[PDB]
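Report on the following structure.
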Amino acid sequence: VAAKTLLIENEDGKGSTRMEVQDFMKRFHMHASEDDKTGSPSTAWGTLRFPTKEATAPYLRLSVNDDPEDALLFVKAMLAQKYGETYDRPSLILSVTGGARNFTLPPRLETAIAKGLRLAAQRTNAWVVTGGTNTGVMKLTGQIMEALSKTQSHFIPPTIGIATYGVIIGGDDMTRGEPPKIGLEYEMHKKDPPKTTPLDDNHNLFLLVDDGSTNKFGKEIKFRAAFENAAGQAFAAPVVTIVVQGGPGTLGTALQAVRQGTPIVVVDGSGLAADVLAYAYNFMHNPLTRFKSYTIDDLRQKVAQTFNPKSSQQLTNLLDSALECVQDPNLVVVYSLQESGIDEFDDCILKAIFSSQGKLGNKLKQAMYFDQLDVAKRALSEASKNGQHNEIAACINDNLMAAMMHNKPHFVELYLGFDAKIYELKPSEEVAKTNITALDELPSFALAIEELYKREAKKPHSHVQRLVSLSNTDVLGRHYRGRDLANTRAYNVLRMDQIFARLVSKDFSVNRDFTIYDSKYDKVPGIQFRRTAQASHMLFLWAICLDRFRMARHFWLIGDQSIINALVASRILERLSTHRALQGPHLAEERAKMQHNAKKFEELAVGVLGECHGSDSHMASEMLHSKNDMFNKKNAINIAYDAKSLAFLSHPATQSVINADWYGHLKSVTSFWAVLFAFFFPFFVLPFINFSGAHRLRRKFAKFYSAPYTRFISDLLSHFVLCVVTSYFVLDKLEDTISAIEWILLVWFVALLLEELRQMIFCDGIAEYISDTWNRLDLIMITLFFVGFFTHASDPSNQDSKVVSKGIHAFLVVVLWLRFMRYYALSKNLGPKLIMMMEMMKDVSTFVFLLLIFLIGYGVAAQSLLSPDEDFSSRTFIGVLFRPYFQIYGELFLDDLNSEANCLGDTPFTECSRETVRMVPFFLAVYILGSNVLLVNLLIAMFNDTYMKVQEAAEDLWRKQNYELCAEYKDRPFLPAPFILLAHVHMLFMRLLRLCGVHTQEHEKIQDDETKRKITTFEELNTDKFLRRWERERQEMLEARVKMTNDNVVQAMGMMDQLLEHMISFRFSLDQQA
Amino acid sequence: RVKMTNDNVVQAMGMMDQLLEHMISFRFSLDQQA
Ligand SMILES: CC(C)CCC[C@@H](C)[C@H]1CC[C@H]2[C@@H]3CC=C4C[C@@H](O)CC[C@]4(C)[C@H]3CC[C@]12C
Ligand SMILES: CC(C)CCC[C@@H](C)[C@H]1CC[C@H]2[C@@H]3CC=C4C[C@@H](O)CC[C@]4(C)[C@H]3CC[C@]12C
Ligand SMILES: CC(C)CCC[C@@H](C)[C@H]1CC[C@H]2[C@@H]3CC=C4C[C@@H](O)CC[C@]4(C)[C@H]3CC[C@]12C
């Protein structure tokens, strides 16, 4: 369909307005003949489709008196219709100029020129301005640019051809249609009488300058020069002229480009006027020994050989134009394959860009697009050596913001190495001040990170705009689900940090202090280091949020608290890969491979812990008990449990930290029986034990009874005394009145119900407490004791109510002794057997679902077959469901079946009354073959395959339950269970500190700054040692060595081909010298 | 074996760079001799 609306850019350059196609293209005019001066408005514009081309290039016929800024606005409106309003702006205008006739090149120089032009068009997104015809230099530029059109997706570089209308074949066919011509076919083989030069088929745009003449060339040179000057004025881009062969008109074009300030790159080895300009640049600028023999008379003889003028004054004017074209050494850049190299054409384009109109930040942006960091490093060292460090440091902010924009982390490390603070970032546009003080306290680097979030969110199919639109949060970061603050400042970094704290966990939170960024704290020691740490953490969280791995590695390496930030990263990238805001096919591989990158951070985090376990176990235990102040004073193993990293929690150094968090961090009593002997005799063991006056022994006893192992063995001893005293209650006979042991059981389970209600209501929440298995077993033993005690206490004198009370309390016996198995998770040899039994219970339920078929079928058939003449009752159903079971487990009741069958023979099934009654054996025979030889041994094979499947996963789940049991018993009350309600009375004393008295005094231990600086230097030394060892291990792999020697063979084969070409040139010079 | 042939490729690339520098010096001496 033809487009009726086009987005034309405004005169301010900050917006685009939709208009009609005829109303925008009425400013483009045309001339029907040479006598017409004002002419008609143009009716020949639209889309022309070439043969063997999938797309139709837009053509526009414009007048010679029309302005080139309207043609550049029409090209920008065509690019806005092609690739949306957020199209790629060009950074280079490559003016391909040279011979309009056919010019055969050597294949090494044409391959190097086409590879440099394709690499500059792929990297810089450059606009190619050529002649547009399919003959010679413009056809070679179209053959260079057609390889970039197929190998690169998304936005393509446009190849604009500016050509005269009267020489273009098919312009009368282009002028014979109602505009816009949507896909009109261009016939290059059509015989046009007055125009014989067809257009190039690989040119992606056409500008046909119409002065009304026919078969005239050179009428569109000044219009293409004004279009290149208008594009360099509009996009703030340098214009570079590529020159290959060429005539005297190309020499006058290069002389007018050198007079206009445009730098020109001449490719030597292309012959003609380009070799004459290369010989003039060799005689005028090059002091080499091959260029020492070049003379003005030899260059005049080469100009008479190539151009061949009719007069000697024209040869003197051509030699003067070749001298004045190569008079400026900055404006002429000579590229040779025998001098520069094969991969030096884009370096010659970058050298012409550095030798162009020189802004320093635009040269660093063009070097960051061209990706030659040694060129920008030598230019920054030359700018620092010339005393221009203030102009370098003024332009390093926008170059560094473009370096995080275009994702070049070696340039990020280059600008970070060139004396620039990472907390000295300022945005490109000014931020409007809101009435909220949280945005008023945000510094300029937070506005720079919010500018990079708004720049990354302006791309189409962006996952961050779908992340914000599915966030349902406020601009302060609260999830309560003003609109100008929700449109302009919606990507503020406090709201992003609250979305990241929600995206790690439900209870995860971060803490950022901007009050060290004031100028009054500049004299504080280490405030600049904490400023670089907070800015590296914010740019680190932005680097995960843009999923760039190497920039996140660089901000992880220059940041502090590396292990905690790597765990938080790996959790938020592994959860953000499997998220509904990243659903969609176009964000497919960024779904996948970033999850791959997420596993990379998990492996990275383990190795820094391994580097800590390479260095010192005691410094690693001092590392992992340190509470980071940016994450609400949480230790790193709680960050691992909230981050759910099972690979980090199964490490033995983390298990050394968790077993140091057991036993009160006391290195004397570590055995179970030694802790039981210390708990049974406290006064006779704890002075005699090793350490961690009377106040020191009281502090040692207070360190002993605040251990989680001591509270765990107190809860185990209280549960053992509970189960033994309820065993002595339920086995002994209940009296006619209420006994004192029933009052002790009532007070004991009343304290257990008060501790269960204190764990349910005031501690965690109802949905967290209902998800636990053992809390539900505790609730059903509370309900079983209260049902049996209400059945006893409804009628204490009835013996039948005592029978109902013991039959209700047998469930309490079975569930209480089964709840004694929940203390076996602290043992090393019992806990994975419990997790393997809980994995194996699905195979148990599969065996029950297999055996119920055989049991119900043989039970109904067997009980119907031994009793033919019997009415149905309950006892027939008990006779179905009873005996078959116990015939699986071994008691094959047989005499009782011979007595039930009423068979009177001396043989055990003979002389029976019913003749069909001696088939109960045969059904019993096939039942015990189906049960005791088929299904139970299928369990055996299912348990062997089940245990050999999930043994290591049961071990890693035991490590997660080990830190979950240590965190559960660290927050346990210090008293055991029948004292615990009295300890809840002490919690009621905390209620006396809460609201009425309000005299609560609490404090926390503050660590030393020297110990935290030693832990941070230990973290930086272990992280640098692990990244050096991991780079050596990545370089020491087999695949990297065979790929490195394959690239070195390919470079040695290129060096051998260059040495063979230099030896062939030396043999040709030795043949021509003779 | 793959580390020994990687070191031998690196030594052969250094010998090819020295042979290319000697051939460029011989071509510069043949240019200056004319
Ligand atoms: C091979 C099977 C699956 C097919 C069906 C066979 C059944 C219907 C047949 C095969 C042999 C038969 C038995 C053979 C002989 C007698 C003795 C007679 O005094 C009473 C019936 C009784 C006890 C038959 C009952 C039915 C019986 C069990
Ligand atoms: C079902 C497949 C596996 C084989 C079928 C075997 C069945 C039909 C056969 C095998 C042995 C047979 C029994 C062998 C002997 C006797 C004793 C006779 O006084 C009555 C029939 C009776 C009780 C038969 C009933 C049918 C019987 C149970
Ligand atoms: C290797 C295994 C399969 C051994 C074979 C077992 C079979 C053939 C045996 C085991 C028990 C046997 C039964 C035992 C008792 C009786 C009752 C009798 O009045 C008729 C035969 C009958 C019903 C037998 C039939 C054959 C029998 C079912």
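Going by the structure tokens order, chains are called A, B, ..., each with residues numbered from 1, while ligands are numbered from 1 in the order shown.
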- Message: Which residues are close to residue 718 (chain A), i.e. within 12 Å by only C-alpha atoms, leaving aside same-chain residues fewer than 2 positions away? Reply as a list in words.
- Response: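 The neighbour list is residues 711, 712, 713, 714, 715, 716, 720, 721, 722, 723, 724, 725, 748, 749, 751, 752, 820, 823, 975, 976, 977, 978, 979 and 980 of chain A.
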Using the selection just defined, write its residues with N, CA, C and O atoms as an mmCIF file, in the first residue's frame.
```cif
data_model
loop_
_atom_site.group_PDB
_atom_site.id
_atom_site.type_symbol
_atom_site.label_atom_id
_atom_site.label_comp_id
_atom_site.auth_asym_id
_atom_site.auth_seq_id
_atom_site.Cartn_x
_atom_site.Cartn_y
_atom_site.Cartn_z
ATOM 1 N N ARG A 711 19.888 -24.520 72.067
ATOM 2 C CA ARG A 711 18.434 -24.394 72.017
ATOM 3 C C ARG A 711 17.803 -25.542 71.238
ATOM 4 O O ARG A 711 16.677 -25.956 71.541
ATOM 5 N N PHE A 712 18.547 -26.108 70.276
ATOM 6 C CA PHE A 712 18.075 -27.268 69.528
ATOM 7 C C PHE A 712 18.111 -28.538 70.376
ATOM 8 O O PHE A 712 17.184 -29.354 70.309
ATOM 9 N N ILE A 713 19.130 -28.690 71.233
ATOM 10 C CA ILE A 713 19.187 -29.877 72.083
ATOM 11 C C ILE A 713 18.260 -29.688 73.298
ATOM 12 O O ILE A 713 17.742 -30.673 73.844
ATOM 13 N N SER A 714 17.925 -28.431 73.649
ATOM 14 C CA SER A 714 16.903 -28.173 74.662
ATOM 15 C C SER A 714 15.498 -28.450 74.132
ATOM 16 O O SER A 714 14.655 -28.984 74.864
ATOM 17 N N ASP A 715 15.252 -28.148 72.849
ATOM 18 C CA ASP A 715 13.972 -28.475 72.222
ATOM 19 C C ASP A 715 13.839 -29.972 71.958
ATOM 20 O O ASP A 715 12.734 -30.522 72.059
ATOM 21 N N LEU A 716 14.965 -30.644 71.675
ATOM 22 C CA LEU A 716 14.985 -32.097 71.505
ATOM 23 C C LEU A 716 14.775 -32.821 72.831
ATOM 24 O O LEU A 716 14.075 -33.842 72.875
ATOM 25 N N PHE A 720 11.559 -34.976 73.852
ATOM 26 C CA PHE A 720 11.766 -36.343 74.325
ATOM 27 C C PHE A 720 11.056 -36.591 75.654
ATOM 28 O O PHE A 720 10.444 -37.652 75.837
ATOM 29 N N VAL A 721 11.087 -35.600 76.561
ATOM 30 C CA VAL A 721 10.343 -35.664 77.825
ATOM 31 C C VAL A 721 8.830 -35.561 77.580
ATOM 32 O O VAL A 721 8.050 -36.257 78.252
ATOM 33 N N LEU A 722 8.441 -34.848 76.520
ATOM 34 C CA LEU A 722 7.003 -34.812 76.144
ATOM 35 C C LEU A 722 6.587 -36.214 75.687
ATOM 36 O O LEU A 722 5.617 -36.745 76.258
ATOM 37 N N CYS A 723 7.301 -36.805 74.720
ATOM 38 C CA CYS A 723 6.858 -38.087 74.169
ATOM 39 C C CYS A 723 6.928 -39.226 75.188
ATOM 40 O O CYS A 723 6.066 -40.117 75.166
ATOM 41 N N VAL A 724 7.899 -39.184 76.117
ATOM 42 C CA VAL A 724 8.007 -40.196 77.175
ATOM 43 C C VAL A 724 6.887 -40.048 78.216
ATOM 44 O O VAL A 724 6.251 -41.046 78.604
ATOM 45 N N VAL A 725 6.536 -38.805 78.576
ATOM 46 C CA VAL A 725 5.485 -38.582 79.568
ATOM 47 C C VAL A 725 4.082 -38.762 78.955
ATOM 48 O O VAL A 725 3.185 -39.307 79.623
ATOM 49 N N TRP A 748 1.602 -28.342 79.286
ATOM 50 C CA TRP A 748 2.680 -28.595 78.330
ATOM 51 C C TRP A 748 2.228 -28.318 76.896
ATOM 52 O O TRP A 748 2.882 -27.572 76.154
ATOM 53 N N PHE A 749 1.051 -28.829 76.523
ATOM 54 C CA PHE A 749 0.533 -28.544 75.194
ATOM 55 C C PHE A 749 -0.148 -27.182 75.111
ATOM 56 O O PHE A 749 -0.350 -26.679 74.003
ATOM 57 N N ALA A 751 1.409 -24.553 76.483
ATOM 58 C CA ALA A 751 2.619 -23.808 76.139
ATOM 59 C C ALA A 751 3.067 -24.086 74.705
ATOM 60 O O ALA A 751 3.594 -23.189 74.034
ATOM 61 N N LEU A 752 2.815 -25.309 74.213
ATOM 62 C CA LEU A 752 3.099 -25.644 72.815
ATOM 63 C C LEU A 752 2.132 -24.957 71.849
ATOM 64 O O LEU A 752 2.541 -24.519 70.767
ATOM 65 N N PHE A 820 8.947 -36.477 66.254
ATOM 66 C CA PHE A 820 10.325 -36.610 66.751
ATOM 67 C C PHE A 820 11.352 -36.886 65.631
ATOM 68 O O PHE A 820 12.542 -36.603 65.810
ATOM 69 N N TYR A 823 13.676 -33.724 64.144
ATOM 70 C CA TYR A 823 14.961 -33.321 64.700
ATOM 71 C C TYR A 823 16.139 -34.087 64.112
ATOM 72 O O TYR A 823 17.262 -33.922 64.598
ATOM 73 N N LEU A 975 14.530 -20.324 76.253
ATOM 74 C CA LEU A 975 13.938 -21.318 77.124
ATOM 75 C C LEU A 975 13.456 -22.513 76.304
ATOM 76 O O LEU A 975 13.164 -22.380 75.113
ATOM 77 N N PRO A 976 13.358 -23.716 76.923
ATOM 78 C CA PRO A 976 12.638 -24.817 76.263
ATOM 79 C C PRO A 976 11.132 -24.730 76.467
ATOM 80 O O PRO A 976 10.659 -23.785 77.109
ATOM 81 N N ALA A 977 10.403 -25.749 75.973
ATOM 82 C CA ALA A 977 8.969 -25.634 75.676
ATOM 83 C C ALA A 977 7.994 -25.455 76.865
ATOM 84 O O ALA A 977 7.151 -24.541 76.754
ATOM 85 N N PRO A 978 8.065 -26.185 78.025
ATOM 86 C CA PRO A 978 7.120 -25.832 79.119
ATOM 87 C C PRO A 978 7.499 -24.579 79.897
ATOM 88 O O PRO A 978 6.667 -24.041 80.638
ATOM 89 N N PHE A 979 8.729 -24.102 79.749
ATOM 90 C CA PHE A 979 9.073 -22.775 80.218
ATOM 91 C C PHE A 979 8.723 -21.678 79.222
ATOM 92 O O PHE A 979 8.730 -20.505 79.632
ATOM 93 N N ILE A 980 8.380 -22.040 77.965
ATOM 94 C CA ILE A 980 8.399 -21.107 76.824
ATOM 95 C C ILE A 980 7.264 -20.098 76.874
ATOM 96 O O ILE A 980 7.441 -18.945 76.446
#
```
- Name the residues, by chain letter and number, that sit within 6 Å of ligand 2 using only C-alpha atoms and all ligand atoms, and give them as a list in words.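 Checking only C-alpha atoms and all ligand atoms against ligand 2 at 6 Å gives residues 915, 916, 918, 919 and 922 of chain A.
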- Write out as a count of residues only which residues come within 6 Å of region 181-191 of chain A when counting only C-alpha atoms, dropping same-chain ones fewer than 6 positions away. 8
- Could the residues that lie within 8 Å of ligand 3, counting only C-alpha atoms and all ligand atoms, be listed as a PyMOL selection string? chain A and resi 908-910+918-923+925-926
Just to be explicit: take each residue in the selection above, keep N, CA and C atoms, and write the result as a PDB file, in the first residue's frame.
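That gives us part-v3.pdb:
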```
ATOM      1  N   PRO A 908      -4.664 -80.799  52.029  1.00  0.00           N
ATOM      2  CA  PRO A 908      -5.188 -79.526  52.581  1.00  0.00           C
ATOM      3  C   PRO A 908      -6.242 -78.807  51.744  1.00  0.00           C
ATOM      4  N   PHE A 909      -6.368 -79.107  50.452  1.00  0.00           N
ATOM      5  CA  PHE A 909      -7.553 -78.681  49.703  1.00  0.00           C
ATOM      6  C   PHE A 909      -8.093 -79.896  48.953  1.00  0.00           C
ATOM      7  N   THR A 910      -8.873 -80.714  49.658  1.00  0.00           N
ATOM      8  CA  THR A 910      -9.519 -81.892  49.096  1.00  0.00           C
ATOM      9  C   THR A 910     -10.740 -82.218  49.939  1.00  0.00           C
ATOM     10  N   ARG A 918     -12.108 -75.270  45.683  1.00  0.00           N
ATOM     11  CA  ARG A 918     -10.668 -75.515  45.586  1.00  0.00           C
ATOM     12  C   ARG A 918     -10.037 -74.815  44.380  1.00  0.00           C
ATOM     13  N   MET A 919     -10.321 -73.523  44.223  1.00  0.00           N
ATOM     14  CA  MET A 919      -9.599 -72.641  43.322  1.00  0.00           C
ATOM     15  C   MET A 919      -9.105 -71.403  44.045  1.00  0.00           C
ATOM     16  N   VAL A 920      -9.357 -71.318  45.355  1.00  0.00           N
ATOM     17  CA  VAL A 920      -8.760 -70.265  46.189  1.00  0.00           C
ATOM     18  C   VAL A 920      -7.223 -70.338  46.277  1.00  0.00           C
ATOM     19  N   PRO A 921      -6.624 -71.541  46.288  1.00  0.00           N
ATOM     20  CA  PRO A 921      -5.196 -71.604  46.139  1.00  0.00           C
ATOM     21  C   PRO A 921      -4.730 -70.959  44.823  1.00  0.00           C
ATOM     22  N   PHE A 922      -5.343 -71.261  43.685  1.00  0.00           N
ATOM     23  CA  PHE A 922      -4.839 -70.848  42.373  1.00  0.00           C
ATOM     24  C   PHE A 922      -4.845 -69.325  42.238  1.00  0.00           C
ATOM     25  N   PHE A 923      -5.917 -68.686  42.730  1.00  0.00           N
ATOM     26  CA  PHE A 923      -5.987 -67.228  42.830  1.00  0.00           C
ATOM     27  C   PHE A 923      -4.997 -66.674  43.841  1.00  0.00           C
ATOM     28  N   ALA A 925      -2.146 -68.198  44.471  1.00  0.00           N
ATOM     29  CA  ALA A 925      -0.866 -68.457  43.819  1.00  0.00           C
ATOM     30  C   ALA A 925      -0.500 -67.361  42.825  1.00  0.00           C
ATOM     31  N   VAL A 926      -1.479 -66.939  42.012  1.00  0.00           N
ATOM     32  CA  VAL A 926      -1.221 -65.878  41.037  1.00  0.00           C
ATOM     33  C   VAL A 926      -1.225 -64.502  41.718  1.00  0.00           C
TER      34      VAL A 926
END
```
- Message: Could you tell me which residues of chain B sit within 9 Å of chain A when counting only C-alpha atoms, and give me the result as a PyMOL selection string?
- Response: chain B and resi 2-3+5-7+9-10+12-13+16-17+19-20+23-24+26-28+30-32+34
- Task: Enumerate as number ranges by chain all residues of region 748-846 of chain A assigned to alpha helix (DSSP H) by DSSP on the backbone, naming them with the chain letters and numbers the document uses.
- Result: A: 748-759, 766-769, 773-794, 799-819, 831-846
Output C-alpha atoms of each residue in that selection to a file, as a CSV table (one decimal), in the first residue's frame.
```csv
chain,number,residue,atom,x,y,z
A,748,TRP,CA,2.7,-28.6,78.3
A,749,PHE,CA,0.5,-28.5,75.2
A,750,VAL,CA,-0.9,-25.2,76.2
A,751,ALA,CA,2.6,-23.8,76.1
A,752,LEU,CA,3.1,-25.6,72.8
A,753,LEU,CA,-0.1,-24.1,71.4
A,754,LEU,CA,1.0,-20.7,72.7
A,755,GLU,CA,4.4,-21.1,71.0
A,756,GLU,CA,2.6,-22.3,67.8
A,757,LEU,CA,0.3,-19.3,67.9
A,758,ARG,CA,3.2,-17.0,68.6
A,759,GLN,CA,5.1,-18.5,65.6
A,766,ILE,CA,-0.5,-17.4,58.3
A,767,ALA,CA,0.4,-18.3,54.7
A,768,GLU,CA,4.1,-18.8,55.6
A,769,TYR,CA,3.2,-20.9,58.6
A,773,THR,CA,4.8,-29.6,56.9
A,774,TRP,CA,5.9,-29.8,60.5
A,775,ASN,CA,3.7,-26.8,61.5
A,776,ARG,CA,0.7,-28.7,60.1
A,777,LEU,CA,1.8,-31.8,62.1
A,778,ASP,CA,2.1,-29.6,65.2
A,779,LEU,CA,-1.4,-28.3,64.5
A,780,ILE,CA,-2.9,-31.7,64.1
A,781,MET,CA,-1.3,-33.0,67.3
A,782,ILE,CA,-2.7,-29.9,69.1
A,783,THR,CA,-6.1,-30.8,67.7
A,784,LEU,CA,-5.7,-34.5,68.6
A,785,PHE,CA,-4.7,-33.7,72.2
A,786,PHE,CA,-7.6,-31.3,72.6
A,787,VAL,CA,-10.1,-33.8,71.0
A,788,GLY,CA,-8.9,-36.6,73.3
A,789,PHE,CA,-8.8,-34.3,76.4
A,790,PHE,CA,-12.3,-33.0,75.7
A,791,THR,CA,-13.5,-36.6,75.2
A,792,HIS,CA,-11.9,-37.4,78.6
A,793,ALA,CA,-13.2,-34.3,80.4
A,794,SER,CA,-16.8,-34.5,79.0
A,799,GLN,CA,-15.1,-46.0,81.1
A,800,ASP,CA,-16.4,-45.8,77.5
A,801,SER,CA,-15.3,-42.1,77.4
A,802,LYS,CA,-11.9,-43.2,78.6
A,803,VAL,CA,-11.8,-45.8,75.8
A,804,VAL,CA,-12.7,-43.0,73.3
A,805,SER,CA,-10.0,-40.8,74.9
A,806,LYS,CA,-7.3,-43.5,74.6
A,807,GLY,CA,-8.4,-44.2,71.0
A,808,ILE,CA,-8.2,-40.5,70.2
A,809,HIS,CA,-4.8,-40.2,72.0
A,810,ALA,CA,-3.2,-43.1,70.0
A,811,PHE,CA,-3.1,-40.7,67.0
A,812,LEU,CA,-1.3,-38.2,69.3
A,813,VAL,CA,1.2,-40.9,70.2
A,814,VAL,CA,1.8,-41.8,66.5
A,815,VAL,CA,2.0,-38.2,65.3
A,816,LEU,CA,4.2,-37.1,68.3
A,817,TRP,CA,6.7,-39.9,67.8
A,818,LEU,CA,6.6,-39.2,64.0
A,819,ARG,CA,7.2,-35.5,64.8
A,831,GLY,CA,19.0,-35.8,56.6
A,832,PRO,CA,19.7,-36.9,53.0
A,833,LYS,CA,18.0,-40.2,53.9
A,834,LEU,CA,14.9,-38.2,54.9
A,835,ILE,CA,15.0,-36.1,51.6
A,836,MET,CA,15.6,-39.3,49.6
A,837,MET,CA,12.6,-40.9,51.4
A,838,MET,CA,10.4,-37.8,50.6
A,839,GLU,CA,11.6,-38.1,47.0
A,840,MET,CA,10.9,-41.9,47.1
A,841,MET,CA,7.3,-41.5,48.4
A,842,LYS,CA,6.0,-40.9,44.8
A,843,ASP,CA,7.3,-44.4,43.9
A,844,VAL,CA,5.7,-45.7,47.1
A,845,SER,CA,2.4,-44.1,45.9
A,846,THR,CA,2.9,-45.7,42.4
```
- Task: Step one, run DSSP on the backbone; step two, keep only residues of region 93-136 of chain A assigned to strand (DSSP E or B); then write them as a list in words.
- Result: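 Checking each residue of region 93-136 of chain A, the strand (DSSP E or B) ones are residues 93, 94, 95, 96, 97, 98, 127, 128, 129, 130 and 133 of chain A.
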Write the selection just made, keeping C-alpha atoms, as a JSON list (two decimals), in the first residue's frame?
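And here is the file that came out, result_21.json:
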```
[["chain", "number", "residue", "atom", "x", "y", "z"],
["A", 93, "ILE", "CA", 28.93, 10.91, 4.90],
["A", 94, "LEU", "CA", 31.07, 8.80, 2.57],
["A", 95, "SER", "CA", 31.21, 10.61, -0.78],
["A", 96, "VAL", "CA", 32.27, 7.94, -3.28],
["A", 97, "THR", "CA", 33.81, 9.76, -6.24],
["A", 98, "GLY", "CA", 35.97, 8.75, -9.16],
["A", 127, "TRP", "CA", 25.45, 7.40, 4.38],
["A", 128, "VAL", "CA", 26.99, 6.68, 0.97],
["A", 129, "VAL", "CA", 26.69, 9.46, -1.62],
["A", 130, "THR", "CA", 27.70, 8.26, -5.08],
["A", 133, "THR", "CA", 24.91, 5.01, -12.24]]
```
- Query: Pick the closest to residue 370 (chain A) from A:121, A:137, A:156, A:552: which is it, counting only C-alpha atoms?
  - Reply: A:121
- Message: Measuring between only C-alpha atoms, which one of A:904, A:7, A:1074, A:848 shows the shortest distance to residue 939 (chain A)?
- Response: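 Checking each candidate against residue 939 (chain A), we get A:848 as the closest.
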- Contacts of residue 327 (chain A) at 9 Å (only C-alpha atoms; same-chain gap of 6+ positions) as an MDAnalysis selection string: chainID A and resid 258 280:281 284:285
Keeping only N, CA, C and O atoms, write the selected residues as a CSV table (one decimal), in the first residue's frame.
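Generated file (part-v3.csv):
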```csv
chain,number,residue,atom,x,y,z
A,258,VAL,N,38.9,19.9,-1.3
A,258,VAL,CA,40.0,20.4,-0.5
A,258,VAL,C,39.9,21.9,-0.2
A,258,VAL,O,40.4,22.4,0.8
A,280,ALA,N,51.5,13.0,-6.2
A,280,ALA,CA,51.6,14.4,-5.7
A,280,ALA,C,51.7,14.4,-4.2
A,280,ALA,O,52.4,15.3,-3.7
A,281,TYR,N,51.0,13.5,-3.5
A,281,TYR,CA,51.1,13.5,-2.1
A,281,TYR,C,52.4,12.8,-1.6
A,281,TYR,O,52.9,13.0,-0.5
A,284,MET,N,55.0,15.6,-2.3
A,284,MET,CA,54.7,16.8,-1.5
A,284,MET,C,54.8,16.6,0.0
A,284,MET,O,55.2,17.5,0.7
A,285,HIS,N,54.5,15.4,0.4
A,285,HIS,CA,54.5,15.2,1.9
A,285,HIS,C,55.3,14.0,2.4
A,285,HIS,O,55.9,14.1,3.4
```
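CA of residue 367 (chain A) to CA of residue 90 (chain A) spans 14.2 Å [interatomic distance, one decimal].
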- Expressed in Å to a single decimal, how great is the separation between CA of residue 505 (chain A) and CA of residue 455 (chain A)?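 Computed distance, CA of residue 505 (chain A) to CA of residue 455 (chain A), equals 27.7 Å.
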- Message: Using only C-alpha atoms, which protein or nucleic acid residues come within 9 Å of residue 271 (chain A)? Drop anything in the same chain fewer than 4 positions from it, and give the result as a PyMOL selection string.
- Response: chain A and resi 103+105+244-246+267+275-276+306
Keeping only C-alpha atoms, take the residues you just selected and write them out as a compact mmCIF listing (two decimals), in the first residue's frame.
```txt
# COMPACT_ATOMS: atom_id res chain seq x y z
CA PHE A 103 37.71 1.12 -13.97
CA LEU A 105 40.84 -2.72 -10.02
CA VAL A 244 39.39 5.67 -6.86
CA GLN A 245 40.87 6.31 -10.37
CA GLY A 246 38.96 9.31 -11.70
CA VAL A 267 43.21 4.90 -2.75
CA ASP A 275 47.55 7.59 -8.66
CA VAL A 276 48.51 11.10 -9.85
CA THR A 306 47.03 9.24 -17.66
```
- Message: At a cut-off of 6 Å, using only C-alpha atoms, what residues contact region 561-576 of chain A? Leave out same-chain residues fewer than 2 positions from it and give the result as a list in words.
- Response: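 That gives residues 504, 578, 579, 595, 598, 601, 602, 605 and 643 of chain A.
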